[PDB]
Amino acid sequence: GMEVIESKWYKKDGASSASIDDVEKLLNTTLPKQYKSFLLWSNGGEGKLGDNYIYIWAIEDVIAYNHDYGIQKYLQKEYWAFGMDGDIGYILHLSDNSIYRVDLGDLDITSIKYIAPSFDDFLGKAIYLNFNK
């Protein structure tokens, strides 16, 4: 029968122009358009989208988290973590916008799990698909 499904987002203020420019300058490349669009709305935040707890980092913190978790080191330079759910990291590819899940405690290029072709697609899937399976 009918079931009430929720997606809740605890929205932060949006990212400033300077904050986005700073990270693009440091990366020496562009952020994926949809990820940037989300950040301009909510600069990080956290929520429960369907069954999925997702914690997204403020753009000012992304470089430091990526260094701490060793993302580029174990993956390659195109892959950047943007959030997490405990052991699980959420990663994007800077060029093709694809989204993956990884075990932050066992990072391996061969084991990254593709979940969506882009950021907005990810957000939409989340309402009806449990990424923990």
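Residue numbers here begin at 1 and follow the sequence given.
Just going by the entry, 101-109 versus 33-41 on mean CA temperature factor gives the higher value to 101-109.
Of the two stretches examined, 79-87 and 66-74, the record assigns the greater average C-alpha temperature factor to 66-74. Between the residues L27, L92, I56, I59, the entry's highest C-alpha temperature factor is the one at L27. Annotation for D96: C-alpha temperature factor in the highest third relative to the rest of the modelled chain, per the entry. The entry lists a Cα temperature factor for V4 that places it in the lowest third of the chain's modelled residues. Per the deposited record, the Cα B-factor of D13 falls in the lowest third when ranked against the other modelled residues of its chain.
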